Amino acid sequence: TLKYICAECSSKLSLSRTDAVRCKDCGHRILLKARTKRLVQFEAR
Amino acid sequence: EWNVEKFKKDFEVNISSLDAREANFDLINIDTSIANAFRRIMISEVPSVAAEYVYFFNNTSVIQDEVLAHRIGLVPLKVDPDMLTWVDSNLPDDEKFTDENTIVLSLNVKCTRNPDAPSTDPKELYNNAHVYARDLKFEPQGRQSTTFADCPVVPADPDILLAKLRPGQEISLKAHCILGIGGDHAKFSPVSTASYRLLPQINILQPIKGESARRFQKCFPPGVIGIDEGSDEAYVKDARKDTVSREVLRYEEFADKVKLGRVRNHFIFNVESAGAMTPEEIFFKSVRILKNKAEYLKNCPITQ
Amino acid sequence: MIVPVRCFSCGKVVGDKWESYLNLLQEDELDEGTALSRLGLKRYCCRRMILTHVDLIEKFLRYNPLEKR
Amino acid sequence: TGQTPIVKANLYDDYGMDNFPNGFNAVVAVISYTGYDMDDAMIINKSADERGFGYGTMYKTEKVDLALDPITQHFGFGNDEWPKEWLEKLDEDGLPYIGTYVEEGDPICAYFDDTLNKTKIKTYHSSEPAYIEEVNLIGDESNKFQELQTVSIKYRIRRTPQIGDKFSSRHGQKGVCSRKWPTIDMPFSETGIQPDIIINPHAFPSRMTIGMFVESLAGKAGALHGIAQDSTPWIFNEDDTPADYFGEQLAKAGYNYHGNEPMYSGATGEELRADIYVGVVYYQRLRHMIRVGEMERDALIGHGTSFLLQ
Amino acid sequence: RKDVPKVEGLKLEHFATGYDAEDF
Amino acid sequence: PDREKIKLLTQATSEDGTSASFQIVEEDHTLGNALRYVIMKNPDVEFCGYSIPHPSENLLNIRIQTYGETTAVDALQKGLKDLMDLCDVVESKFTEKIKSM
Amino acid sequence: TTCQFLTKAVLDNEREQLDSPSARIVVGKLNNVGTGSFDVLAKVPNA
Amino acid sequence: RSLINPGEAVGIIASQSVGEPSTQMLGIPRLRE
Amino acid sequence: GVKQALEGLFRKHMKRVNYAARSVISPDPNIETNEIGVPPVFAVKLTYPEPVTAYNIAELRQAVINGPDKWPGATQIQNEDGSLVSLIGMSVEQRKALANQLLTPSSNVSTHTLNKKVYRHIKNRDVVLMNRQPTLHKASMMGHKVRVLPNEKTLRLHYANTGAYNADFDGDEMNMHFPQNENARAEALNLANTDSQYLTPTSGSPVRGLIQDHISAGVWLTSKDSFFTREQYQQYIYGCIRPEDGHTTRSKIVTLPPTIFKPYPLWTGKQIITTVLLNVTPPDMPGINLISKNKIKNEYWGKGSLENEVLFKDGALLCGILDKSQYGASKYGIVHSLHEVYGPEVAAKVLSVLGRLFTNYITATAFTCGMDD
Amino acid sequence: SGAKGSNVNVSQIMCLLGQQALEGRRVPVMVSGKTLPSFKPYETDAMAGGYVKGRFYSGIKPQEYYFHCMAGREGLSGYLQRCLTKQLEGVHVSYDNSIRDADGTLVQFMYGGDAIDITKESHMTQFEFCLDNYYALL
Ligand SMILES: [Zn+2]
């Protein structure tokens, strides 16, 4: 599951190589990198 | 001449109030060095249990991983120690955590939307919006998952707010609760406040009877100064109820007619528990630690 | 942000008493002082903990990049 | 952990300063006890710091632009060439995983330039380690020919109060953190409270910051009774003293009129000589964390120390 | 110049360890 | 038997043999003040006190100067033996008063 | 006026005896003040 | 036994003894004259 | 042009040297007045070239085994051929082998004169040059004795050094220089040190003494009203005088009899000052005799008091309290009088002893202030 | 005690601040003859001139406050030493007790006229002291 969140409409839409760096749902030029399911070790301190 | 048997003759204990959480007891004709020692141990030596290693799988909430992990550690768990063994730090993680050394608590919450008529309440507008301490599900593993059958791991205070969420956000973690002492981190404290106050002494030098007796009575809390009549002098009914505000000394009519001191031998202890052990158990363990400390030095080789 | 877990000074759990405090001020229409007393906060350190709490989390939550409008 | 001042001018609300808290209300004792606090140095409680008292974070943003008209450098990873364990920090797109811990030397982004036909990386370099808070891809300044070359990466640097960090009351009494004193070693009050911050009494005779002294007994009165007090200038008079006003409040609550408290030593355990001045003061945490010249040459000539100069 | 006006209602709210607000 | 816990500072120990300074690791006022109090009850102990060299270093120093017919080592051994018995008295009286309630 | 004093030195055909602290620093010689106001010689037994 | 020991930079010491206290200050214009 | 290149080269480059350190200074009353608290971070870096010999083969073999990350270790080993062998990448096995090869005789006749060197860290007997800029006078660049303090991130400095450096602990920075040869060591220990500097050469007056808490503590401790029991008295003595740290001159703590015999045995505050001198001054020399004065007038101490007249007869404080005028940086006081009769080393011991005594006495007797004043 | 502060600071706290002196004189006065818009033109009063009767314990009036602000704000050797040190650097004490320059040229026939080290000339006249400590000094 690859993700990219739109800055304006907040739609989670990922796009590959040789594609316009813009959201599909709305014409916005700024995207935000989404997260996935990883393992982050932490001390409860 | 002081003997340990001569101490048994004069040493007295007086229990004023013994609640499930806080106990108010007195230690009469004991030294400051012994009374202070118990208070120091009942706040440092006394250990406990609680999260230590929070393993995050996902956290899309506004509350940062470090902060959320720290909050889980602070939540006191209604877990009796002695059931757990002490973890060894030198061996690796695969050998380190066992069914005897670690307790696992999982948190898996996903926020969604709900249809309701709209200021509108977050419990109505969204589903699983507020993450509470009660949402930390106990997962028993290994050799013993039957020892905690009649003792389920539940937080001491369940309604503790851990996180606030909006639809789309999720929290997925595995917390490793271990055995630790309060000196290392406050998240291991067993008692809230263990402190003693010396018995206030009010040395009345003059009879100070009459209307000045009624003026003297207002200088101390209601149940402290008692007056027999207009005469028959002015006595101290319960010097223990005194707040030691020294209000009587800031009046020219009493500044030389009364003295304010203490009973160095008498201690009024007040011990409140965090919830793990009873206040008596905390005091008993404190006396047992002081004895064990002196015992460990007794059966020990004096090197060099 | 949210109500702190335990009083900074002594360590008395205060985190479970935030929503209950607002209910004592709204529904019960009590004063600030009497409301804190009914929650079991007699030390002035525990008293200021809830009394002085801002709760900016409710202001912070209104910005949600995961839900439209 | 921002906090609303108990002691405040009413204009604080008129400017809605509660939208942006600047400090925290701390139990401050005017005491010379540790020996590490003196004139420009103040003590912070260990157990307070362990509980998140005065904790802060610092955010730093970087712009990774590929401009230095034909596109040569491309975000991601080039085929056939791939140096060992880089996938631990960056995702398939060459951008880093938001939340990942980074130290100086670690890869902060990845790209491939055809001019060198090699897969290169932009390294993260700073003495302070960080975590990735935000990664934003910006593909602007083009009509139809769209491709990403500009990326904005935000670093979250956690900043716990360290020995050296400055702290100050709202009365211009700044001091560096001399030590994070343990609560067991800290002086404990009759109430059972140990101060969050310790200010040395030798600070006040030279600075003459009496506003802090009245702030101490006002903050204490307001914490007990649960009422904010007005500390707007010229509200009080020579006849209507604030020391008398909050003094009456302190006596009514059940505390000493002159703002003192009977405290006990953390080391010996015995009651201290006199009652210590303790209260609630709003404290602020300040954001701040070889050539041998002609004069040093002169000094080495001065000692007649010819081999040190040599 | 008019002097400030005093407050209202100011009872006790600190007693001994094993003693509550029973005494009025 | 661990030898790092109790050590005899020979650079201050009398040739023979009443006065001598002892150095205990991982200890402070807790045992220190309690131990010197009990050692001082001994009629043969001339001088006794405790001193912590510095708070950062985990050390505890206890000096025992006696009169004749008893070494400082014996005075320390008596001090530890009496403190153990003293704690037994405290533990016994507390158990009894719990039942007496 | 480094070049001016240098010109006057060259025209005089001057010999810098390297006896001033400044001159000694220029040529890396030990300063003649204090510890440099004497010489240290070792006493050797064999003839 | 109160005699002085040659090898003392009385020159620097003198200028330092006139310089250092002239920071506390007629004054410097007269000293400059 | 080349004229422009020189204007200047002489002022700007005729010099960044190597081997040094810097850090924010933090106060410390538990270290000696002639010492510096070095963080373990600096101690593991600031190495040194200690040539291997028969007298130090044991000490350096351990350092070589310990390596560059375990203190006291060694980062490198220099052979007699001139080559260097880094111990950084090596495991305990190779280090153990090289340690057993340190004192091997040189086969080559062209280097038989030479012996191997071990680039070890810093110990607890090395000298350092402490510098606080601007260095307006040579007292702002003194030689301090290294005292490595565990779990430290700042340079620890005693309060007696505050004056000379003109350094206030307001987030100030100090430079630490570690000279690399014995001639430079001897100089930093005997000429530029910190001891022989009790009297400034400007007026021959003291620049060393206790500054605030200690002065207020002394006025209270030496007051007539201050009495002490046997237990209290002996505690104050050992609290500041430790024979194991070489504070004594008699190898046994000597104690005066009480000033009150009956009903209860009690010692006066002034008797503690007499006992401290009795254990720090040489036994071979007689006690100090001084008739000085106080800053506090007799009127403050009540009717007919002589508490302004500071009186020392055969090293015994018999009259008067002790002010800033006695153990401060003030001429013809008790410390200065001790400095003239017993020397600079004894006066330093008295200052450190008094400094500890007041510090410990203040712990049990705090001091505050209110508005009622 | 001399621990901190003086009787002057104590008197400003408990009695009065006194006359606020600005650059050796009193408070500056406008072309209108007024020292403040509150005071009368050419007012013959001590308060108008800057004399503060108020103390810091009781508080100070706005006129006194502004005048104190004036006096308070009013308060808020490199090359000389460099010229001497460059010409005197070489000048030192020779083994023949005379003060000689770097080039051996004599500057002073003697360092005073007694050859005494200043760091020693202190108890050299303290005869009673030396007498009371005869055997100690011997
Ligand atoms: Zn509290």
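Our numbering is plain: 1 for the first residue shown, then up by one each step along the chain.
If you check the header, you will see the structure was determined by electron microscopy, 4.9 Å.
Note: Cβ is positioned from N, Cα and C throughout, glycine not excepted.
The feature Zn(2+) binding site is assigned by Swiss-Prot to C:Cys7, C:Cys10, C:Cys45, C:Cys46, with experimental evidence given as support. Taken from Swiss-Prot, the feature ubiquitin cross-link covers C:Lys59, and the record attributes it to a large-scale study or a structure entry.
Look at the binding-site residues C:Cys10, C:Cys45, C:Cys46 and count other Cβ atoms within 10 Å of each Cβ; C:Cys10 has the fewest. Between C:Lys59 (ubiquitin cross-link) and C:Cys46 (Zn(2+) binding site), the C-alpha separation comes to 24 Å. In the three-state DSSP classification, C:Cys45 (Zn(2+) binding site) falls within a helix. Using a CB-CB cutoff of under 8 Å against chain B, the recorded positions that qualify from C:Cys7, C:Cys10, C:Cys45, C:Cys46, C:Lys59 are C:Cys10.
In the three-state DSSP assignment, the secondary structure recorded for the residue listed as 'ubiquitin cross-link' is helix. In this view, C:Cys7 (Zn(2+) binding site) is surrounded by 22 other Cβ atoms within 10 Å of its Cβ, with every protein chain counted. Chain D comes within the C-beta cut-off of under 8 angstroms for the following of the binding-site residues C:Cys7, C:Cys10, C:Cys45, C:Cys46: C:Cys10, C:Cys45. Classification of C:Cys7 (Zn(2+) binding site) by DSSP places it in coil, neither helical nor stranded. Neighbours of C:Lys59 (ubiquitin cross-link), defined as other CB atoms within 10 A of its CB across all chains, total 11. Under 8 angstroms separates no C-beta among the recorded positions C:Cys7, C:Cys10, C:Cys45, C:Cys46, C:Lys59 from a C-beta of chain F.
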